[PDB]
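Next up is one chain by itself, shown in structure tokens, the form deposited in one PDB entry.
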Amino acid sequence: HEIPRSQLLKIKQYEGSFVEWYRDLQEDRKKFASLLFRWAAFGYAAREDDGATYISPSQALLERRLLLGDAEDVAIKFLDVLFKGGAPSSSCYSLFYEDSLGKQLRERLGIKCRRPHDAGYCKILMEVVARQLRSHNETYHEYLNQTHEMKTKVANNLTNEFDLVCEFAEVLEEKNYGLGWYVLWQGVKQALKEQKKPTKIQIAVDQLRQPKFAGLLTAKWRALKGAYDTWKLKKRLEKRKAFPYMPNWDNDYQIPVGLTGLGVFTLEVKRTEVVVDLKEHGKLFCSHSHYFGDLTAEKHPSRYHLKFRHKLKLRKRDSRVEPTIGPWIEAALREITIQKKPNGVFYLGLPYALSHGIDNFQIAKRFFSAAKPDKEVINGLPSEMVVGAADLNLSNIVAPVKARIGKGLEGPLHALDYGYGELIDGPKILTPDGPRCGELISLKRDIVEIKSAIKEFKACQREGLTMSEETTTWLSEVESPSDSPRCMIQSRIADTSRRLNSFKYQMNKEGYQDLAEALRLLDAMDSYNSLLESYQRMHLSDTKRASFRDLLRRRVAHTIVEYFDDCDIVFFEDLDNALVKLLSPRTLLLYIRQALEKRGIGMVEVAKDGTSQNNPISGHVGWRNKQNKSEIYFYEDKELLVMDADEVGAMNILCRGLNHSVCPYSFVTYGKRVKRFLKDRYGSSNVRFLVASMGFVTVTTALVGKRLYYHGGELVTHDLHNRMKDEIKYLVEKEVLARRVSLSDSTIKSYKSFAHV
């Protein structure tokens, strides 16, 4: 229970023979990574033609046999034990030091380094080599796995709709339009009704009239989107290069040195500078950073003890904000890293490991993530916890819930195999959206509409047609130096740019106070990128935007962890939503996990199916109000109820977390969760299902491949689910008076959603 972290200090001065040491290490690394990589049969794409060609692993094997000759097997074992790593690889730096697998191949190939007489030099050299090769092997395997899975996804999805949409795409490319989901959807929609005046889309609807496209018009809204997704996925699959790039080798790599026999370095912190004193290669003077504020270090037999605390960098001299100092941080240091960035400045890195209680992480690992917690875990659970849940959305960024649970305690809630609980802080919204979230949607809408206008401009002028009155009227509202159909596109690009730039300045002056207000600016900027990118292709028929996204993810992860500081576990829905695709589906969860892990708090990911449609109290199905997304409607006991969508989602996430997500929402006619559900709710798991009454399902110890839904303690068929959602819909269409039900009320006897016991 030591969490790894790192940060950098800038190196001001140097003494002794330091630069010679660094240059020799980097040159030997560059020379020998090449040889030890081409020892590995790795496929790669040539960088000299943007990956147009490549080298197959069979060609790589032939070249390897050409180079090594009679020493293939020994190098195979050496490189295998290098990639595996660990203690066996910790005493095998013999590849360069003149004084065990790497020892004998030197006598067979005669490889030597710049300083074969310096044990530390060779130690760091092979450490850098092994780290650089390991950073690439993992990426290579995950790349091949992803390409295979992404191909097999297309190989399993074939239908007449897919081929017909492929033909439609080829026809559109011949007409120079390019196929998108919006055009496909709206053209299918408008093909059914004959047109009167020219429309924002005309070529597509005109070309959809012919009988060859009769298959599209008779297809189901579910199959059409599936065919479109398959077509786009196949396009990317045929655009992606075969193999990963072989790593760039002229660039410099970070050099690790520590106290464990790799070398000698002593850290002593004084009033003005930090000093690192290598015994023979000189000493380095480093300035103080606000990250390691009030830094103190003390020697220990095989470690260092750092005692620092974060501060605020007020680079402004006449700062107007009161300086604040974060809490003390007790960290352990084992190694340091030295590197030269391309700008020409050295940096010193301090990888420090934190100490925290392992109990919370063990609790969130084996108990709340398993349907079978073995008996020693229950006997090892405490008698008290505070838990929380969060629902992440573009609007109402975080909707948190706090609850207190414990064995031997009574409350409305229920925790599987543990006991009951009650709410501490009622379901609510952590922070309402700022005033500028509304104005940062119109901009993105304008950008995307401009993209579509350019897309139809290409085809219309290729065909010698006349632009529809809608686009011409839409682009005429903005001042332009002329009236041509091409001038009024850039005369609108020049307005979107100014609006986005004014937002960028004004929100940066404040340090990006609101969060859901900056997540909208990120969408606006992402859409503007693709507007400009498509702009410079009309004939051909940055890291400052990927850093704002990183900052926004870190701010979101900090906003979450600040609220649940006193909690022990937090529940999040398994996001493999308009916000998860904006930041990332894989890194936003990683950043949230890191932020919570910083404070010794666990995190548990629960199934996301149906957590926004059930009734938390009664467990019945509800119909989400399409007109107003923030309200969800139910129908219990001849009365219609209304509830807050975000609070319903948070409570359902909490209920699924407290139930380990073992109660399903839908299943075909299984897995561990549904097996345990059938074992507990009903007699056994290996049981057939038979329909009875009118939409109800009786479990008899028939139907196959059907939707069976859990609602109120009984399974229903797909038709009866649609009937219920219809019942409710109709009830709200005749204005029936609903009731307002609050989840934080203390008069609730129980919560039954996702509760099968």
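The term rigid core refers to the most C-alpha atoms you can superpose between the two forms while keeping them within 1.5 Å. Heads up: residue numbers just count along the shown sequence, starting at 1.
Heads up, the form deposited in another entry isn't pictured, but that's what we're talking about next.
After superposition on the rigid core, the single residue among 358, 192, 409, 325 whose C-alpha moves by 2 Å or more between the shown form and the other one is 192.
The Cα position of residue 535 differs by 2 Å or more between the shown form and the other one after fitting on the rigid core. Relative to the superposed core, residue 718 undergoes a C-alpha shift smaller than 2 Å between the shown form and the other one. After superposition on the rigid core, the Cα atom of residue 145 is displaced by 2 Å or more between the shown form and the other one.
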